[PDB]
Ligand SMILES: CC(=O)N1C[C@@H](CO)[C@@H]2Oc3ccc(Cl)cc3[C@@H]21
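First comes one chain, alone, set out as C-alpha cells in the form deposited without the ligand.
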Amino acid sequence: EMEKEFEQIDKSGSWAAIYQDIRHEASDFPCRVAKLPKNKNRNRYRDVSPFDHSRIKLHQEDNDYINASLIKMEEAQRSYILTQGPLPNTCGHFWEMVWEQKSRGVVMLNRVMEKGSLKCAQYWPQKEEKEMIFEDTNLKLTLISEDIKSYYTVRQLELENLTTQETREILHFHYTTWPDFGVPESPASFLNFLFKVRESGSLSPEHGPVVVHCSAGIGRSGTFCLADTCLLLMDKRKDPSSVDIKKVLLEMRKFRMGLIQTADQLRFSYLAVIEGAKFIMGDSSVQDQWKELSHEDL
C-alpha cells in the first residue's frame, strides 16, 4: 500500500506537496523553557527547540534545560530521545542526560564539520589515552575501542559517575556518510546501519531511550527514527498494509518539531521502510545483501 502510494506520488511528482501538507498539520506546542533568556546559549539553532511537554529535564537544581525531546512511540513501544549536537558549553549536560536517562546507545548522524562549518562539538574522546572529564556534570568518558567501517564507526565508551564511581558502557554509532539536509546513499547502507544499532541492544526496552542526534536533531535523526518505528509496527502485526508512514511521522511531530526537513528525506523514509519490509516479512537473507551493497569494508 505504501508502495502503491509511493509510485502514485512519484508518478505525479507530488512529494513537495505531500511534504508541505505534513508541515501544515504538524502539531505546535509552546517552548517557553527553551526560549528563556538564561537558556539562550544552550540552543544551537534559534528555530529548533524542544516542546515543553516532552523535553528531557536535567536532574540538577540549577538549570534543568537541554535542547532534547523524548519521542515516545506508544503503539510501537519504543522511545527515542532526539537532541541537537552538543555545543562547547553543553557537553556536560549531554552526558548527564545520557546517564540519568539510562541510555545504552547514542546515534550520531553527522560529521563534526559539514559543508565547511562546525556542526557539532567534539563531545567524545578520540584516543584511548586521552579520556574526558566534564567538570560541570562530574562525569568521565573514556574511549575503550572503535570499529571503523567505510561509511560508519562504532565506538565503545565508558561513562563514569565521578560522584558514585559507577560506570556504564555506551555504544556510539556514527554515520559519516549522510550529507547535511541530504539523504543516505542507498536505503541499503542506511538499513545496514539501523540494524547494527538494533543488534547492539541499544534500542531494547531494558535500556533507557536511545539518544539520536544530528546537527539540530530533527532532520536526519527524524528519518532514522521514522524508519525504525515503521518497521517495528509492521513487525508487530506482520501486516505491511496497516502502516501509515505519514500518520506515524505526525505522531512523532507531536513530541518534537520539524522531524524530517526535506521532501526528499520523506521520500527516502518511504524507500528504507519499503526495502526493510523484505527482511521484516520473512526474507532474512536481505540483511546480508545490504551489508554487501553498503560496502562497509575499507
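Residues carry their position along the shown sequence, with the first being 1.
Asks: Which is higher in the entry, the mean Cα B factor of 63 to 71 or that of 24 to 32?
Replies: It is 24 to 32 that shows the higher mean C-alpha B-factor.
Asks: Averaging only over Cα atoms, indicate whether 253 to 261 or 40 to 48 has the higher B-factor in the PDB entry.
Replies: Higher mean C-alpha B-factor in the PDB entry: 40 to 48.
Asks: Please pick out which of 236, 246, 53, 57 has the largest Cα B-factor as recorded in the entry.
Replies: By C-alpha B-factor in the record, 236 ranks first.
Asks: Which of these, 83, 164, 142, 89, has its C-alpha atom at the highest B-factor, as the entry lists it?
Replies: Within the set 83, 164, 142, 89, 164 shows the top C-alpha B-factor.
Asks: Would you mind checking where the Cα B-factor of residue 133 ranks among the modelled residues of its chain, as the lowest, middle or highest third?
Replies: Residue 133: CA B-factor falls in the highest third of its chain.
Asks: Considering every modelled residue of the chain and its Cα B-factor in the PDB entry, is residue 228 in the lowest, middle or highest third?
Replies: Its C-alpha B-factor, which the entry lists for residue 228, ranks in the lowest third among residues of this chain.
Asks: What third of its chain's C-alpha B-factors does residue 201 belong to: lowest, middle or highest?
Replies: Answer is highest: the recorded C-alpha B-factor places it there.
Asks: How does residue 178 rank on Cα B-factor within its chain, lowest, middle or highest third?
Replies: For residue 178, whose C-alpha B-factor we compare with every modelled residue in the chain, the answer is the middle third.
Asks: Report the third (lowest, middle or highest) to which the CA temperature factor of residue 103 belongs, ranking only the modelled residues of the same chain.
Replies: Residue 103: CA B-factor falls in the middle third of its chain.
Not on display, but discussed next: the form solved in complex with the ligand.
Asks: Hey, in the deposited complex, does residue 191 get a heavy atom within 4.5 angstroms of the ligand?
Replies: Yes, contact at 4.5 Å.
Asks: What residues in 156 to 174 sit within 4.5 Å of the ligand in the deposited complex, counting heavy atoms only?
Replies: Residues within 4.5 Å: 156, 169, 171, 173.
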